[PDB]
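Step one of this worksheet: look at the structure below.
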Amino acid sequence: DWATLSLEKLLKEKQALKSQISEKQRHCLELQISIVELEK
Amino acid sequence: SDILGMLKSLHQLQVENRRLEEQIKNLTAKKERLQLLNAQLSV
Numbered sequence: 030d031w032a033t034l035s036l037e038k039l040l041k042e043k044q045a046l047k048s049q050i051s052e053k054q055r056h057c058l059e060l061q062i063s064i065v066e067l068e069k
Numbered sequence: 643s644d645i646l647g648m649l650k651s652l653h654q655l656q657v658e659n660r661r662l663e664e665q666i667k668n669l670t671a672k673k674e675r676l677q678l679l680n681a682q683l684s685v
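Chains as they are written, first to last, in this note's numbering: chain A, 30 to 69; chain B, 643 to 685.
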């Protein structure tokens, strides 16, 4: 109970961060595509 | 288990997350600047 409960929260928090990071990388690349368009 | 090592890595993710939100902010400003300048130069 004690250790396992800790570990699962840490795992969920890590997965939530990786999910946010992935979303933000895609956002960056989409802005970059826009910028390419504006410079075309 | 290596909870210290895990907290470290989780912190590295948190930093990276803030670094990315900062990148989004600069790119967004770059984009909007270019949008304005293009319009300004079209009249």
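Every residue, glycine too, gets a C-beta built ideally from N, C-alpha and C.
- In this chain, the alpha helix (DSSP H) harbouring A:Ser35 covers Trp31 to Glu68.
- A:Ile64 is a Cβ neighbour of B:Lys673, given a cutoff of 8 Å.
- Interface flag for A:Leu34 against chain B is unset, since no Cβ pair is found closer than 8 Å.
- Contact between B:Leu652 and A:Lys43 holds, since their C-beta atoms are separated by about 6 Å, short of 8 Å.
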